[PDB]
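This document opens with one chain alone, in structure tokens, the form solved without the ligand.
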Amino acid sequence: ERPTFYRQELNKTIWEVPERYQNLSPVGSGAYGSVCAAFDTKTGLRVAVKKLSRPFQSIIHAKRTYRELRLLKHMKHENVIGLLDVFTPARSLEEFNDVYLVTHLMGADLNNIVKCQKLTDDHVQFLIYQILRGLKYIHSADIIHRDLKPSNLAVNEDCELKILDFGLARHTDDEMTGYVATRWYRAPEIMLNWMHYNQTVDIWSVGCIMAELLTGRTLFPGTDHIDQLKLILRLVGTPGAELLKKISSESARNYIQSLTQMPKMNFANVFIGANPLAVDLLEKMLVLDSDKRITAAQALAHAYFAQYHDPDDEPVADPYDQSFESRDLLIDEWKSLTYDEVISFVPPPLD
């Protein structure tokens, strides 16, 4: 039944893991946990193991922990990250305090690819294709990523691509401040809090990512929130009256109307030399009104992806029950909910 655990300290943190996992080596940490690379001897895999940092600190924390576990137990798709394993050294609910998550070891992110390599149009096709493929899956489970950027995309030597979230820290006001990649890929409505937002926020990010794969340059490297809004409105144009009504923040609405009105730019004169089909796709992604952005599913059928598109191999997620998001529970209740999910986990099969 239960495997044997051994202990070791790595960077003032104690790790207790099953013997199967060997050669633990620290790779990163933050307020929400620490990660080691390791070798899983039962599967033959290089794996990553995250140890959650006091997962049941507060109500809000415990619920956060439950949420990621549920989330990761559910993601089963080639272009999305999955759970290899999840474990606890705890022998009963009474002593459950620590949670460990196991995933495939990710090496290079997409930020490393565009930085250190020249990409062909065909490269960009395959890379964006896979993001959209994964995103169709994620969205069909009513999950929004909200933080799509190159660094949250893992890419191996064959340009095969997985969406995940490496994030280990709080998403605070300070990290979104200033000249920071954290904010360059954010949909404007979620950056200036215009309104209740939706799936299409992630599509805007793909817009920004695709542009950067084509040029090798950040699309909207704002020096701050407002500077970035100007860079954005310079390209796609200031909003019309139709879009202004949909902006719930009267204060935000009011700021936008103080701007000099500008037309949408010619994208062929921005993305000089790009495939006309890439240009067209960007025009349908980088749309200010989120009601009117192309969806992941719609985007898969666009002629830019003709080499790769296969409507029989672009699967959707099983129904995902997200009713817990509405419930207010106590720490011990989130905790036990989490514990059930730990003990019920069934590992994936390798072929």
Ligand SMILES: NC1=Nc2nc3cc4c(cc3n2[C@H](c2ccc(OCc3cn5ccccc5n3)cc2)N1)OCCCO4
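Residue numbers run from 1 along the displayed sequence. Rigid core here is just the name for the largest C-alpha set that superposes within 1.5 Å across the two forms. Shifts are known only where both forms have a C-alpha.
Unshown form deposited with the ligand bound; subsequent notes refer to it.
Query - Distance check, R67 to the ligand in the deposited bound form, heavy atom within 4.5 Å - result: Close contact exists here: in the deposited bound form, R67 approaches the ligand to within 4.5 Å, heavy atoms only.
**Report entry** Interface membership of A301, the ligand in the deposited bound form, 4.5 Å heavy atom rule
**Finding:** Heavy-atom contact with the ligand at 4.5 Å: absent for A301.
Query raised in the report: Does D313 make contact with the ligand in the deposited bound form, using a 4.5 Å heavy atom cut-off?
Result: Contact check for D313: no, nothing within 4.5 Å of the ligand in the deposited bound form.
Report task. Decide whether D173 counts as a contact residue for the ligand in the deposited bound form under a heavy atom distance cut-off of 4.5 Å. Result -> Yes, contact at 4.5 Å.
Query raised in the report: Okay, which stretch from 117-125, 215-223, 271-279, 165-173 lines the ligand in the deposited bound form, with non-hydrogen atoms inside 4.5 Å?
Result: Selected range: 165-173.
Query raised in the report: in the deposited bound form, do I14, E95 and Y339 all put a heavy atom within 4.5 Å of the ligand?
Result: No, none of the three is in contact.
Report task. Go through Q261, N193, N266, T177 and name the one with a heavy atom inside 4.5 Å of the ligand in the deposited bound form. Result -> The residue from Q261, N193, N266, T177 that makes the contact is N193.
**Report entry** Heavy atom within 4.5 Å of the ligand in the deposited bound form - qualifying residues of 318-348
**Finding:** The stretch touches the partner through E325 alone.
Query - 2 Å-or-more CA mover between the shown form and the other one, where superposition uses the core and the choices are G107, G178, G167, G273 - result: With the rigid core fitted, the residue that moves is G167.
Query - Distance trend in the deposited bound form - C-alpha atoms of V316 and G167, change of 3 Å or more - result: It is closer: the C-alpha separation of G167 and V316 falls by at least 3 Å in the deposited bound form.
Requested in this report: Given a change of 3 Å or more, say if the Cα atoms of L168 and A141 sit closer or farther in the deposited bound form than in this form.
Outcome: Relative to this form, closer in the deposited bound form.
Requested in this report: Give the consecutive runs of 3+ residues, present in both forms, in which every C-alpha shifts by 2 Å or more between the shown form and the other one after rigid core superposition.
Outcome: Residues 166-170 form the single run that moves by 2 Å or more between the shown form and the other one.
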